[PDB]
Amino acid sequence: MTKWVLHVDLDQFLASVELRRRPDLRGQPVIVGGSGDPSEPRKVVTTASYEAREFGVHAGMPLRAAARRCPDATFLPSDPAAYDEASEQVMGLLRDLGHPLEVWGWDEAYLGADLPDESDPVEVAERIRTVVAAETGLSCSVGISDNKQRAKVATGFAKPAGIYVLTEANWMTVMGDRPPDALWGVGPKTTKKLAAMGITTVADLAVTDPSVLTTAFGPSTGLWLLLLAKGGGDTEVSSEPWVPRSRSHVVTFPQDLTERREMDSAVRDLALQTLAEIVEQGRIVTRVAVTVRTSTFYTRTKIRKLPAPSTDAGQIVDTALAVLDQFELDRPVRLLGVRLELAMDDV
């Protein structure tokens, strides 16, 4: 038997869901985000189709910028319920292959497989791609390795509509001259810190003296960085259901708020909304966090623990408005948010 980890990731997810209702747009630039109006201020791209990506459009880009770069794009509004339904379909199908399946957010999953000699993980990945497309109308790509971190890196090579195997046989030859942010969990700030140590590539990091890393990053994290660079990772695929730690809602206002009354009212509303959604899922609140962003884009969050976990609406609102009260509120307000941290122990 040979043990594999497969990492499945939906291609251009939100665009691919829209394309199933608009098959005439396959092969054309499609941009999903806001209300489908590319001139609307304070709205951004949530997904650009691969064709729009060749024009430099990417998630986060303001729609008016996207329209400037990609004049021949069809702009569609965001349809969150269709996306949540398509997510559910795909994972339902993936679970029914009879392998341990670990869903990771919305559009991806890790699958564990122990394969007899007669089979090949590439042909299994093929079948996954086939079943998802036949039953859902959606394309996925599949990375293959022997650990989750490496399989995820493989997926980035597998894109679009494809499959890629990355193992001890080829890890360092493919990855060795890549910057450390090619690794999963490393980003630009860790990369900058590494560079000031003389480490500029995956290969450099993989042969770094462990005591250089543990002094700079801590005794666990430094060893973990060395492991990631060597292409190692997590090997167990858990089917245990994911328990969310928190839920949040923010809103960027079409115009900046200048009246306290309105700020209070928005926070009250966001608390109430978030609370009802966590109650409907059976959850209890532990902490209440409020975020404020000024017209200058100066952004801060403050948090306060309840005296005991609760779902009491008046308590939770009073706490959010007391947290909001801590902010200066001297400048116009562009954004307000509430996050509810959730009890993890019993349910």
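We number the residues from 1 along the sequence you see.
Item to check | Higher-scoring stretch by recorded Cα B factor average, 45-53 or 284-292 | outcome: Between 45-53 and 284-292, it is 284-292.
Item to check | Higher-scoring stretch by recorded Cα B factor average, 66-74 or 295-303 | outcome: Here the higher of the two C-alpha B-factor means belongs to 295-303.
Checklist entry - Which one of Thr208, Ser145, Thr258, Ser141 shows the top CA temperature factor in the record? => result The C-alpha B-factor peaks, among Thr208, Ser145, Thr258, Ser141, at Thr258.
Checklist entry - Per the coordinate record, which of the options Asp204, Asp234, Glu123, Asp107 holds the highest CA temperature factor? => result So the option with the highest C-alpha B-factor is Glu123.
Checklist entry - Split the chain's modelled residues into thirds by Cα B-factor; is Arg129 in the lowest, middle or highest one? => result It falls in the top third of the chain.
Next on the checklist: Based on the deposited C-alpha B factors for this chain, I'd like to know if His99 is in the lowest, middle or highest third.
Outcome noted: Tercile = highest for this residue's CA B-factor.
Checklist entry - Can you tell me which third, lowest, middle or highest, the CA B-factor of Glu328 falls into for its chain? => result Highest third.
Next on the checklist: Sorting by Cα B-factor within the chain, modelled residues only, which third would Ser239 end up in: lowest, middle or highest?
Outcome noted: Within its chain, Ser239 is a highest-third residue by C-alpha B-factor, going by the deposited values.
Checklist entry - Hey, what third does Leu275 fall into on Cα B-factor, ranked over its chain? => result It falls in the middle third of the chain.
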